[PDB]
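Take a look at the structure below.
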Amino acid sequence: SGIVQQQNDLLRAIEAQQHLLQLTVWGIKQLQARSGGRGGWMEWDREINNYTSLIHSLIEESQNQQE
Amino acid sequence: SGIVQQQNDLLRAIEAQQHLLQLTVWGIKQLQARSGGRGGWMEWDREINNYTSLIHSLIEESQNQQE
Amino acid sequence: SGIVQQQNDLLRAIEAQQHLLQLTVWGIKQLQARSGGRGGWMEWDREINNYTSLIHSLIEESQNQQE
C-alpha cells in the first residue's frame with residue numbers, strides 16, 4: 001500500500017544515513033591515526049562496531065519482515 | 001500489526017543510529033581538545049545539543065504514540 | 001491515521017539526524033583543514049555529497065508521497 005511504500009522510503013533513508021555515518025567514522029579514524037597508534041580508541045571502536053552490527057540486524061529484519 | 005512491527009524496527013534503527021551519532025560527536029570533541037580549549041566550538045556544541053534534544057523528543061513521542 | 005502520525009515522526013527524526021550528521025561532517029572538515037589543503041579528501045567529499053543528495057531525495061519523496 002501507500003503506507004508500505006512510505007516505510008520502504010524511510011528504510012532507504014536510514015540505509016543511506018548509515019553509509020554517511022560510516023564515512024564520518026572513517027574520517028575520524030584517519031584523523032586519529034595522524035597522531036599515532038589508535039590504541040586509546042579500542043573501546044570507542046568496539047562500541048561503534050557493536051552499534052553498527054545492531055543497525056545491520058535491524059536493517060536486515062526490516063527488509064525481511066514479510067519476505 | 002505487521003506495519004506496526006515494521007515501524008518499531010525503524011524506530012529502533014533510528015535509536016541505534018543516534019547512539020552511533022553521539023559516539024562520532026564525542027570522537028570529534030576529543031580531537032578538537034587535542035589542540036586546546038574548545039571555545040571556538042561553543043556554537044557547534046549548542047547546535048549539536050539542540051538537534052539531540054529534538055531527536056530525543058521525537059523518539060519519546062514515537063514510543064508514547066498510543067501509550 | 002495513527003500509523004501516519006507515526007511515520008511523520010520517524011521522518012522528522014531522520015531529518016533531525018541528517019542535520020546532526022551534516023554538523024559532524026562540518027566538524028571533521030574543519031579538523032582536516034587544520035593540517036592543510038583538503039585535497040586528499042576529494043573522494044571522501046564526493047561520497048558524502050552523493051549520499052547527502054540521496055538522502056535529500058528520499059526525504060523529498062517521503063514528504064511528497066501523497067501530496
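Chain A is the first sequence line, chain B the second, and so forth, proteins listed ahead of strands; every chain is numbered from 1.
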Which distance, rounded to the nearest 0.5 Å, do you find between the [atom1] of [X] and the [atom2] of [Y]?
X       : Y       : atom1 : atom2 : answer
B:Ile59 : B:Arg12 : CD1   : CZ    : 12.5 Å
B:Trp41 : B:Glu47 : CH2   : CD    : 11.5 Å
A:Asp9  : C:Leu58 : CG    : CG    : 6.5 Å
A:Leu11 : C:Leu10 : CG    : CG    : 11.5 Å
B:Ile55 : B:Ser62 : CD1   : OG    : 11.5 Å

> Under 3.5 Å, side chain of C:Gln17 to main-chain N/O of B:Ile14, donor-acceptor pair present?
Replying inline: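 Yes; at least one donor-acceptor contact below 3.5 Å.
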> Would the number of heavy atoms belonging to other residues, nucleotides or ligands and lying under 6.0 Å from CD of B:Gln66 be above 12?
Replying inline: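 Open.
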Are side-chain heavy atoms of [X] and [Y] found at a separation under 4.5 Å?
X       : Y       : result
C:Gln5  : B:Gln65 : no
B:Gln18 : C:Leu20 : yes
C:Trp44 : C:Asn49 : no
C:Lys29 : C:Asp45 : yes
C:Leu31 : B:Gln32 : yes

>> One pair to check against side-chain hydrogen bond (donor to acceptor under 3.5 Å, both in side chains): B:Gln6 and A:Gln7. What are the steps and the verdict?
In response: CA-CA 8 Å; B:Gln6 196 68 184; A:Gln7 280 175 176; 5.1 Å; no
> Which atom pair, heavy atoms only, marks the closest approach of C:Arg34 to B:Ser35?
Replying inline: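 What the structure gives for the nearest pair is NH1-OG, 2.8 Å.
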>> Strictly by side chain to side chain donor-acceptor pair (under 3.5 Å), give each pair with a member in residues 52-61 of chain A just once, sequence neighbours left out.
In response: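 Listed by first then second residue: A:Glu60-A:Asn64.
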> How are the rings of B:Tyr51 and C:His19 set to each other: parallel, tilted or perpendicular (split at 30° and 60°)?
Replying inline: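 B:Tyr51 vs C:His19 ring planes: parallel.
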>> For residues C:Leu21 and A:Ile28: do they belong to one hydrophobic cluster (side chain heavy atoms under 4.5 Å, members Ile, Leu, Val, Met, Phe, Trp, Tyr)?
In response: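 Looking at the clustering, A:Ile28 is in the same group as C:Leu21.
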>> For a quick check under 3.5 Å, do A:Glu15 and A:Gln63 share a side-chain donor-acceptor pair by atom type?
In response: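 Side-chain D/A pair, A:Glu15 to A:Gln63: present.
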